[PDB]
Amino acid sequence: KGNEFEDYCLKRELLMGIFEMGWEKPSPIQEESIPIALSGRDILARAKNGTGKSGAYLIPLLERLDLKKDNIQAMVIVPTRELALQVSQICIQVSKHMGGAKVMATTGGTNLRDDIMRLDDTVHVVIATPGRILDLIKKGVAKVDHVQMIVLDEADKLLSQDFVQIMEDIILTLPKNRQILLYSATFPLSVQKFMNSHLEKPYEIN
């Protein structure tokens, strides 16, 4: 076994959401990564650009949430507002039966003012573009002292010269031992460096 969703120790309410996406059986990326991410181990995974592997990290991300705590517990970083919305919609659909999971997308698109206000209400999962979330963190609006997991989706684009420093600053505000799941089409030096610096005994997937 190990190629079926119910073989991964997932909440029944979460399984319902998964299947309602049309995901009957786990893809190879979800099969290899879900059990490992669930165990808490850092991951570096090769995957094509797009929302293809969204489920691979959204499922363990959602499974780990404790909806009894109203603090932001997970973060997903993406390079564009477009991907942020696609991933957020999927996340909202998959967690629809979990009983109150709150997702929030915040990027250069949505005006800052409204997002500040929105962060006054409970938010469990923040999906965002580099600059916007760093801004919200520095302003003290996005409290991330409970972030237990952070995902870098398209790490090569997020670690380009224009964002690398912003990513570095983000990581610095999170709890020291936060779980890091990294997904990227390519593994340039910039990704290798960031990985050596912050990931702990990461499980790799080519």
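Start at 1 and count along the sequence shown; that's the residue number.
K.L.:
173-181 versus 27-35: which one carries the higher mean Cα B factor per the record?
P.N.:
Mean C-alpha B-factor is greater for 27-35.
K.L.:
Using only the Cα atoms and their B-factors as the entry lists them, report which of 155-163 and 61-69 averages higher.
P.N.:
Stretch with the greater average CA B-factor: 155-163.
K.L.:
Once the chain's modelled residues are ordered by C-alpha B factor and cut into thirds, is residue 190 in the lowest, middle or highest one?
P.N.:
Highest third - that is where residue 190 ends up once the chain's C-alpha B-factors are sorted.
K.L.:
Among the modelled residues of this chain, does the Cα B factor of residue 100 put it in the lowest, middle or highest third?
P.N.:
Its C-alpha B-factor belongs to the lowest third of this chain's values.
K.L.:
Hey, what third does residue 9 fall into on Cα B-factor, ranked over its chain?
P.N.:
For residue 9, the deposited C-alpha B-factor lands in the highest third.
K.L.:
State the tercile, meaning the lowest, middle or highest third, of residue 111 with respect to the CA B-factors recorded for its chain.
P.N.:
Highest third - that is where residue 111 ends up once the chain's C-alpha B-factors are sorted.
K.L.:
Among all modelled residues of this chain, ranked by Cα B factor, put residue 146 in the bottom, middle or top third, i.e. lowest, middle or highest.
P.N.:
It belongs to the middle third of the chain when residues are ordered by C-alpha B-factor.
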